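# Coordinate analysis (summary)
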Amino acid sequence: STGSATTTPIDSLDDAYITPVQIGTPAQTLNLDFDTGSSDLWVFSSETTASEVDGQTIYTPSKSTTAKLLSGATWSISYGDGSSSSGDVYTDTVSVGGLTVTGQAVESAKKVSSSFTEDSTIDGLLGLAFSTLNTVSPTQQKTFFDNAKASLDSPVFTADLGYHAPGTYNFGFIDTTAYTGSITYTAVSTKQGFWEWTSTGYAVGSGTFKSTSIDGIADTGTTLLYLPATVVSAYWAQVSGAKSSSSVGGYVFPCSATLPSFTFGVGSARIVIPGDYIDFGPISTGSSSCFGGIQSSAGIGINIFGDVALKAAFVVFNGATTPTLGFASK
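Along every chain, residues receive numbers from 1 upward following the written sequence, which is not necessarily the numbering found in the entry; those without coordinates are excluded from display. Just so you know, side-chain values use all the structure's heavy atoms and leave hydrogens and water out. Residues with missing side-chain atoms are left out of burial classes, side-chain pairs and their counts.

If DSSP finds at least two bridges between two strands, the strands pair. Numbered from the N terminus, helices here are DSSP runs of H or I no shorter than four residues, and strands are runs of E no shorter than two. Within the open sheet, the 7 strands sit side by side as β18-β17-β12-β13-β22-β14-β21. Their pairing is mixed. Of all strands in the sheet, those with a lone pairing partner are β18 (269–273) and β21 (294–296), marking the two edges. Along the sheet, successive strands turn relative to each other by an average axial angle of 45°, direction set aside. Between the N-to-C directions of two axes lies an angle of 0 to 180 degrees, each axis being a line fitted to C-alpha atoms and, for a helix, fitted only over the stretch in contact.

Here it is, written out as structure tokens:
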């Protein structure tokens with residue numbers, strides 16, 4: 001089997017991407033944030049504290065003839081950005097782009113933190129990291145990909161995120177028309193539960209490539225590119241007037257600037273992030289100070305190849321017995 005679904009930016013900055021997911025019988029379609037940095041499929045629901053729902057579409061398990069309470073199971077998750085959610089668990093039928101999993105754990109939120117409430121466009125998350133990170137207790141549950149894998153034509157999924165435009169998540173096949181050149185594959189460590197890999201270096205604009213190992217994670221659920229302070233300083237030094245602002249919480253730059261590109265290495269291959277991908281717009285409405293899309297990972301504890309990086313590539317998440325990651329230009 002295979003599946004193919006369009007993923008759409010939630011706003012004009014590409015702050016996140018939503019993908020429609022069918023849950024239950026009859027189908028209830030929710031727009032979920034596909035997150036290769038976590039491993040829970042959770043949704044706003046009829047069980048969510050009413051004051052914490054503000055415009056989201058909810059899953060109502062009582063209206064699904066295939067929903068079953070997973071007795072005794074609870075979940076609770078906290079994300080890198082400080083947000084969180086928790087609740088109980090159903091199993092139900094879940095379909096993405098024509099690919100169906102029966103008996104998928106659907107984690108129903110009883111509580112969500114303010115940032116989730118405040119974002120009316122995201123109805124929940126669909127985790128695509130390794131199932132070892134799944135938070136369901138006392139019996140850990142599998143991700144949608146893990147459940148689908150054996151049925152897929154090939155045990156892979158691909159992320160093709162757009163810049164200021166829709167893109168695609170495919171399951172079970174590689175669309176050879178969706179990228180240019182070849183796909184370069186690189187080793188993955190699953191020891192921390194992430195799609196963790198090592199970039200071979202970077203360049204800023206038309207500058208020379210610096211060969212240096214940068215361990216980090218491929219994370220579709222993180223907006224920005226978080227890299228070591230040395231790398232980030234070298235980038236922003238090429239932008240007149242750019243500075244790190246403790247009050248804003250990262251590097252800012254004059255909105256009048258033209259930003260240089262940023263290149264990262266995948267083996268001997270190179271992925272180029274155009275400068276415009278690095279512009280996240282005014283820090284507050286009407287400001288002429290703009291927020292940068294490349295930020296320091298210092299104090300995160302890990303480098304993160306988030307959407308800013310991934311959207312410059314066609315990315316293969318290869319879930320073979322020994323997982324690997326592939327990157328192509330597009």
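For the rest of this paragraph, the subject is the UniProt feature "active site" in the protein chain. UniProt positions are given in the numbering used here, feature names are shortened, and annotations may be inferred rather than shown by experiment. Taking the UniProt record as the reference, the feature "active site" is found at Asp 35 and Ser 199. Set against the largest cavity, the annotated residues that line it come down to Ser 199. Position of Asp 35 among the secondary structure elements: in strand β3 (residues 28–35). Setting aside anything within four residues of it in sequence, one finds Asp 35 in contact with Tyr 79, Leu 125, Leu 126, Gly 127, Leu 128, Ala 129, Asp 219, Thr 220 and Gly 221. Polar contact is defined as a pair of N or O atoms within 3.5 Å, subject to the rule that within protein one atom must be able to donate a hydrogen and the other to accept it, and that residues adjacent in sequence are counted only when both atoms are side-chain atoms. Looking at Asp 35, its side chain comes within polar contact range of the side chain of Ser 38, at 2.6 Å. For each structure, a 1 Å grid was placed over the protein atoms alone; sets of points admitting a 1.4 Å probe that cannot get out are labelled cavities, open sets with protein on both sides within 12 Å along at least five of seven lines are labelled pockets, and lining residues have an atom within 4 Å of a point. By definition, residues are in contact when any of their heavy atoms lie within 4.5 Å.

As a further point, take the domain arrangement of the protein chain. If you check the domain split of the protein chain, you get domain 1 (5–174) and domain 2 (175–330). The split into domains, and so the bounds of each, comes from an automatic or database assignment of domains. Measuring from the centre of the C-alpha atoms in domain 1 to the corresponding centre in domain 2 gives 25 Å. Counting from both sides, the interface comprises 30 residues of domain 1 and, opposite them, 33 residues of domain 2. Per-element tally for the side of domain 1 that touches domain 2: the top contributor is strand β9 (residues 156–160), with 5 residues. Here the residues of the side of domain 1 that touches domain 2 are counted per class, giving 18 nonpolar, 6 polar and 6 charged. Under the convention adopted here, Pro, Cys and the residues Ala, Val, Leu, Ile, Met, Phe, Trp and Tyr are nonpolar, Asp, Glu, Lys and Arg are charged, and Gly plus all remaining residues are polar.

Grid points are joined across faces, edges and corners, and a volume is the space filled by probe spheres set on the points. Its volume calculated, the largest pocket comes out at about 1200 Å³. Considering the residues around the largest pocket, the lining is formed by 38 residues, among which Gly 80, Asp 81, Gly 221, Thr 222 and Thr 223 are closest to the centre. Where the lining of the largest pocket is concerned, the elements lending two or more residues are β3, β5 (68–78) and α1 (114–117). Residue composition of the lining of the largest pocket, by class: 18 nonpolar, 11 polar and 9 charged. Split by domain, the residues of the lining of the largest pocket number at least three in each of domain 1 (5–174) and domain 2 (175–330).

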